[PDB]
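Below: the structure, in structure tokens.
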Amino acid sequence: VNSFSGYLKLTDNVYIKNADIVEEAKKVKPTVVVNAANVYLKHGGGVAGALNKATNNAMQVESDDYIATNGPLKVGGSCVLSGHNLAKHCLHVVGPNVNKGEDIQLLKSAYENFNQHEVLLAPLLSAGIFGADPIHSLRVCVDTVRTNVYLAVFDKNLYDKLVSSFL
Ligand SMILES: Cc1c[nH]c2ncnc(C(=O)N[C@H](CC(=O)O)c3ccc(Br)cc3)c12
Numbered sequence: 003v004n005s006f007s008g009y010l011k012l013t014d015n016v017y018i019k020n021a022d023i024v025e026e027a028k029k030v031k032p033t034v035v036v037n038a039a040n041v042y043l044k045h046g047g048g049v050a051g052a053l054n055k056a057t058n059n060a061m062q063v064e065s066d067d068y069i070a071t072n073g074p075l076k077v078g079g080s081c082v083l084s085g086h087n088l089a090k091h092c093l094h095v096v097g098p099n100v101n102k103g104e105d106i107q108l109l110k111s112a113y114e115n116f117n118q119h120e121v122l123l124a125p126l127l128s129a130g131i132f133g134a135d136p137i138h139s140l141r142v143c144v145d146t147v148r149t150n151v152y153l154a155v156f157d158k159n160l161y162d163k164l165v166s167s168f169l
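Quick note, in the authors' numbering, the sequence shown goes up one by one and the last residue is 169.
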């Protein structure tokens, strides 16, 4: 039993809810919140911009130190950093950006990072300003993630479409 509330169960291990991931994290304080990161950990907009803003830019400060030491992530890759005031940890996961021409097959690799954590709060990877089809992102999620994932979808209209079209 965990503290996530109001989720629709899609499969044995995948759950979905119309919610602002920022507000959801502040309420649950999950062990892991997933960020929709880019390889430079520049948290400018979308999920990343919103999460970083909620940490009062502490996420960005920590991320800049990480990049200065380690260099950029790979598309499809991830790193674990602090969750600041939102979660114990933040798993920064880089899904492919379609508005940069990146291979959508990398979306499966991105979701594989979730399997290293027993429970996660997460957005749909590559959705929103990353330009991929969110229906597809949900399908890859369900078919790749085996650990317990609680998906927050900011847009109510998108949430209803995801639920109504889910096979
Ligand atoms: C901005 C924001 C604040 N709080 C949030 N909680 C949840 N999600 C989002 C958000 O930007 N989501 C979109 C898709 C959707 O509309 O769910 C999305 C955009 C880029 C990528 Br890469 C992946 C997903 C937010």
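Ideal placement from N, C-alpha and C gives every residue a C-beta, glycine not left out.
| Item | Value |
| --- | --- |
| Any non-hydrogen atom of ligand 1 within 8 Å of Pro-136 CB | yes |
| Nonlocal neighbours in the same chain, by C-beta distance under 7 Å from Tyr-9, ignoring five residues either side | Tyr-17, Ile-18, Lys-19 and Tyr-152 |
| Proximity winner among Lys-11, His-45, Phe-156 and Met-61, relative to residue 2 (alpha-carbon distances) | Since the first residue shown for the chain is 3 and the last is 169, residue 2 is missing from the structure and cannot be characterised. |
| DSSP three-state assignment for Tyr-9, whether helix, strand or coil | coil |
| Same chain, Cβ closer than 6 Å to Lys-110, five either side skipped, listed in chain order | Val-142 and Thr-146 |
| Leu-123, enclosing beta strand (DSSP E) - first and last residue | 121-124 |
| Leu-109 CB to nearest heavy atom of ligand 1 below 8 Å | no |
| Touching by the beta-carbon criterion (3+ pairs, under 8 Å), the region 97-104 and the region 50-58 | no |
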